[PDB]
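Going line by line, the protein sequences match chains C, Y, D and X.
Residue numbering for the first sequence follows my numbering, starting at 11 and increasing by one per position.
Residue numbering for the second sequence follows my numbering, starting at 30 and increasing by one per position.
Residue numbering for the third sequence follows my numbering, starting at 30 and increasing by one per position.
Residue numbering for the fourth sequence follows my numbering, starting at 30 and increasing by one per position.
Ideal Cβ positions, reconstructed from N, Cα and C, are used throughout, including at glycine.
What follows is a set of notes on a single structure, which appears directly below.
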Amino acid sequence: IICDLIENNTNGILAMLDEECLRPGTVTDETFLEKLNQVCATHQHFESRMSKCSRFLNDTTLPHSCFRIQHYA
Amino acid sequence: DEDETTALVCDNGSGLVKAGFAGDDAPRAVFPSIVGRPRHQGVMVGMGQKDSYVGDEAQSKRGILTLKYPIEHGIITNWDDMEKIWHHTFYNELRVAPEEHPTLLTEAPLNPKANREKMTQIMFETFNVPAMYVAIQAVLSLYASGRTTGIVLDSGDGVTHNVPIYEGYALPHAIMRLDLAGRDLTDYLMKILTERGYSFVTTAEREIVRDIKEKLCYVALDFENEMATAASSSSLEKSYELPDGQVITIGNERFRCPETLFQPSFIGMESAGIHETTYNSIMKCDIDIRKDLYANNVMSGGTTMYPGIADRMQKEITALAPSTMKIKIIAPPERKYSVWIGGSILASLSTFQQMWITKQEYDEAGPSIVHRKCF
Amino acid sequence: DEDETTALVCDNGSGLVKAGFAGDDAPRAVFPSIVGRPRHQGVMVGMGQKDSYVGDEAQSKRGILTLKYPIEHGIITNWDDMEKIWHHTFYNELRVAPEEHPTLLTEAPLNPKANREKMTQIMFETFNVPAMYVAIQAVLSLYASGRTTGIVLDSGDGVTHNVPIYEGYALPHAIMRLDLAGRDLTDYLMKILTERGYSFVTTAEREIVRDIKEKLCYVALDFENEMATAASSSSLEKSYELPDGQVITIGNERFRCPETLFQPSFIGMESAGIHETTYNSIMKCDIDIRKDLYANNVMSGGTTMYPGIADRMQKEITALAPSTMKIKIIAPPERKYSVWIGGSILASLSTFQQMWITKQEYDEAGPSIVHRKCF
Amino acid sequence: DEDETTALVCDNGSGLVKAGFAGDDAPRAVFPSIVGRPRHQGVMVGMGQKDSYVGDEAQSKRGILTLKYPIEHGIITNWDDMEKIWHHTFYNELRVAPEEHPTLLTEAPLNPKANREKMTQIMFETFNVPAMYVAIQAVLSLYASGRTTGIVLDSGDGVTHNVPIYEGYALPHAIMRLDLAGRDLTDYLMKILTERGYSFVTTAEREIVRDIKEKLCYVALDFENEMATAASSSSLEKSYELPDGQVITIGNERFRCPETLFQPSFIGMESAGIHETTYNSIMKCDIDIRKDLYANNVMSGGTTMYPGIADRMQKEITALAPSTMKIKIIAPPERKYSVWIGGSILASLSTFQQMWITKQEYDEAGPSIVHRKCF
Ligand SMILES: Nc1ncnc2c1ncn2[C@@H]1O[C@H](COP(=O)(O)OP(=O)(O)O)[C@@H](O)[C@H]1O
Ligand SMILES: Nc1ncnc2c1ncn2[C@@H]1O[C@H](COP(=O)(O)OP(=O)(O)O)[C@@H](O)[C@H]1O
Ligand SMILES: Nc1ncnc2c1ncn2[C@@H]1O[C@H](COP(=O)(O)OP(=O)(O)O)[C@@H](O)[C@H]1O
Ligand SMILES: [Mg+2]
Ligand SMILES: [Mg+2]
Ligand SMILES: [Mg+2]
């Protein structure tokens, strides 16, 4: 499930960052993190504060301009 | 977040959400209360377009959005949109968790009951605040005024209201509420700019007309003398560069726009005007209060940031009041935030800390608990 | 064939078929969209003469052929000939099987419905592609432009069109389509070369005049100053060697040929011109968009490869636009392929891969599926 | 000329000049408000070619002219061309001297000030009329309606506007102006006919599309039911023979063309629609007026000559209005002239004869005299 979250050609994080390096316009780190908040919200193992389905919104231990991945460690 | 659990004050009055922590002299978050939704198709793939933009971001992207104020005349009309406004208020602008901070909401007097009840319901059930308190906005303006005796008007974006208070005691039979404020002056300015030849009808163009109102309008002292002065020559005619284009040149509209606030027959509203509802709010009090009201007439809120509204106000009330009375229009430059600032002073009081409406008693009694413990 | 199943981009706009694979910076197949058929008897026995020659081979053998463009003004008019163009595109130039590659077709905005419907029908039924997507050509030019905000014109061989886009959102009420492009400039150049004394009327000689247009024509900045300059002396007069013969010497026709693109009354077309349809396409947008359009005026397609068309474009639009606006004509040297290149960038997006129109749903819905899923 | 000095009524609204004498039930001169100028060289010597053709003659000779409407969205934009329209109105169509007849001009509400001022200047200074009066057009529609109580919309060629009137008293704070009318529906019909495959871009071809709109378009009651009905079969598909050529066959465009008048997002105009600006114009009135407005909803002007617009109008407003209200859409077959006809009734009143703006007081006060004596 974890590898898929990074590997997938249509919503994986490397595919989204490959797209962000490809797609035109204003490309920052903030817009990439907002894209990860858009296309990885309904994933179980993705964890960010500004995710749309977030149960880690009131988690004060998550700084903005960051995100968590639920690795095995 | 915050280093402390200091209480929040969220003044969301009718058209400009301003919020911050208690003990501050100024709100840390000031943004317009708009929700913009796109009305055109998204043709660029993978850009990062959202479903709806809130506040200042919707003010930036307003060329491709439609702008909806979720609160009109002090009454919240779109609760899901207002939930977006509050979510953007705590989590995006303040970047704080509302579960750790008490919140101080402001309403207008003589409001609907389901406004404060459902606002209490969304504060406790959706955002899970530990304690809340909804308070009348002009009373808070008298807190930042530094007085316990005076009659107050604030004139927000949707509602103006007089609250006379004597020696700390509210006079709720003499509270005046007039639903004539800055959004109505924006619409009337759209009408008279249409009269000159500039057609603004779009909600983004409505915000342009709001910026014209904020930057170029002023209150005349004698409306017929300034009216005949503008009819005489081009002395008071001032030009404004539109966003992304040409330059307009407006004349008498500078003082015909806020004169509606003194003469509500311009927008067709049968009422007495802001000076005569102030005077009638004084005369509906007891007699031995009245001079202390005249010496402490407080004009300390929103829309009344026009140039020359204190001179017009003192002229009209001094014309209405009897002689040998000292009429003093308290109009600080701390306006447009003093309703919030007195929210900070009220939240920072030690003896106020029993008057918060917490959990457990909201959870005992339900959303009518404000009608127990708020005024 | 191809080592991967990478999607194809086949820009077949109106007069020059250019196609390749996604992820490439340049199309692998560029050939003119002509179908030549012999008009003379074959007298040599057993040579290997064909029924019709397609593209570059028809451009070589044009002395004994008649040349028919199967697509005119962006509208396909000979579907069997266009089937020969596509068959030559996939099987001869690219040498690939279309059953394994998705294809990205380009059209012009405000096109006939049966164009995209029957083009979809030939893509799925004749060539059996797994997925297709027909997209508006100037939007693709804004993909290769690297911007999500700007107004675009491409000016192909049959159609020029302005598409203004703000923050990724299309403005389809402000899309301008002008049917004045390089083939009309070729015909007008045939007329004014007939004025000088060189009579070109054959379709092969029409291609010679097209080569004169590509090699010797340029856009004047002031048409009367360059006109009186050519009337003054032989300073700008330039000579061209014809295919297989004599040398011609052309003068003011160098700038009278593309000035028709700015003044369409030369070819008798009642319209506003390319600069004034650009300006009117800006003014039909919302107001707070407009400066971002002026700073991102994109001129990134076909016919606009003339020398000095960006200076004339910025001169005319800067003359039309109000002052204190920054008018920036984005005209890269990546033109004449950037509509394809943005086709490659759009096909190479990860989130685009759900927007392909596949089988099974074309097979569910029929050829109106593009009017569901294409813009 | 005229046997009497009976006052003229010249309704020149935005796209169709109709004029006549007072006391008539119908205007004696109806012609389109176009000015056509030749764009081609005159090669036949001594024929009798003019510099510009006006009105019906320009409608006949439109194949070799360019057609310019001198008035757009109710606002006059070419004053010399509009001077040709008025000169043709009095001297050619009516064949009368304007120095002997008072004239009753019509404008739209919420118009530019220099429109009525400069229109007054051309009426008194160029044509030398003895008296004039500029009046709001929907008020005149309520004169021919036979009522002193009702809300009116006319929908001309450039502007639709609601004027609610109760017991003879105007409600000018509740006047709605929407700049969406028949010329915009003509342009949108040009776009969707371009979608089907028929490319009309010429101003003469624009008049052909206007004739298609007048002859074949109708307002659907449920847009999705008629939309799926046209998607089902060829039941509602109707054919039209073009001027001087082939036969076109149009389908859903019959009801997609005027549905823009109810859904202005089709042409990209952010507004509420004609039914919701009617309802909002009712709700911006005082409360004890409102049922009398619902029982006297007057739809009595121009563009609203579509089949089935009264049923759609009563459906949408009855859906918006509360229950137990009688919604009555007054839509006579006297439409497209009733704004003129109420001009004749207003000019034929005895007590109106002091309200004319004459000479000598225009000559005393200048062109602001309308802002003294017109509404
Ligand atoms: N400098 C100014 N001059 C005139 N009007 C102003 C000025 N600044 C703001 N306004 C008007 O006052 C409104 C802000 O009122 P405010 O009291 O902030 O509303 P709220 O009750 O939501 O706090 C704005 O909508 C604007 O129309
Ligand atoms: N160097 C050039 N200068 C002038 N005109 C050119 C030049 N190159 C191409 N053209 C014209 O532009 C046309 C091709 O335009 P293009 O954008 O490639 O259209 P397509 O949509 O078919 O891809 C050519 O057929 C020719 O008329
Ligand atoms: N039968 C009809 N069906 C649909 N539209 C019509 C019809 N008759 C006229 N129109 C539209 O109404 C316009 C004329 O409106 P009118 O009120 O005469 O304009 P004006 O305000 O200039 O007098 C025409 O441009 C036409 O588009
Ligand atoms: Mg306030
Ligand atoms: Mg192309
Ligand atoms: Mg009219």
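Output yes if chain C places a C-beta closer than 8 Å to the C-beta of residue i; else output no.
i               : result
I374 of chain D : yes
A126 of chain Y : yes
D32 of chain Y  : no
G92 of chain Y  : no
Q166 of chain D : no
Does residue i pass the burial test, meaning 16 or more other C-beta atoms within 10 Å, or should it be called exposed?
i               : result
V64 of chain Y  : buried
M328 of chain D : buried
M161 of chain X : buried
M76 of chain D  : exposed
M205 of chain X : buried
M73 of chain D  : exposed
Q389 of chain Y : exposed
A260 of chain X : exposed
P99 of chain D  : buried
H400 of chain Y : exposed
For chain X, check one thing: does any of its Cβ atoms lie closer than 8 Å to the Cβ of residue i?
i               : result
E224 of chain Y : yes
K142 of chain D : yes
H190 of chain D : no
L139 of chain D : yes
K267 of chain Y : no
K220 of chain Y : yes
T215 of chain Y : no
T232 of chain Y : yes
Spell out whether any CB of chain Y is found under 8 Å from the CB atom of residue i.
i               : result
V83 of chain D  : no
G22 of chain C  : no
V238 of chain D : no
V368 of chain D : no
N18 of chain C  : no
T380 of chain D : yes
Would residue i count as contacting chain D if we go by Cβ distances under 8 Å?
i               : result
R68 of chain X  : yes
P34 of chain C  : yes
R235 of chain Y : no
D273 of chain Y : yes
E29 of chain C  : yes
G337 of chain Y : no
Among all the DSSP beta bridges, which residues are the ones paired with residue i?
i               : result
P193 of chain X : X:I180
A164 of chain D : D:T135
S268 of chain Y : Y:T278
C39 of chain X  : X:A48, X:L134
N326 of chain X : X:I180, X:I358
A260 of chain D : Bridge partners of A260 of chain D: none, in fact.
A173 of chain D : According to DSSP, which records beta bridges pairwise, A173 of chain D is partnered with nothing at all.
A58 of chain X  : X:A48
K97 of chain X  : X:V64
Mind checking whether the beta-carbon of residue i lies closer than 7 Å to any heavy atom of ligand 8?
i               : result
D208 of chain Y : For ligand 8, the structure offers nothing, since it holds only ligand 1, ligand 2, ligand 3, ligand 4, ligand 5 and ligand 6.
Listed by chain order, which residues have C-beta atoms less than 5 Å from any heavy atom of ligand 4? Matched residues: Y:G42, Y:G185, Y:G331, Y:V368.
Name, going along the chain, the residues of the region 278 to 304 of chain D whose beta-carbon falls closer than 8 Å to a beta-carbon of chain X. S294, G297, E299, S300
Members of the region 35 to 63 of chain C that neighbour chain D once the beta carbon cut-off is set at 8 Å: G35, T36, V49
What residues in the region 174 to 205 of chain D bring their beta carbon closer than 8 Å to a beta carbon of chain Y? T177, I194, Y195, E196, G197, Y198, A199, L200, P201
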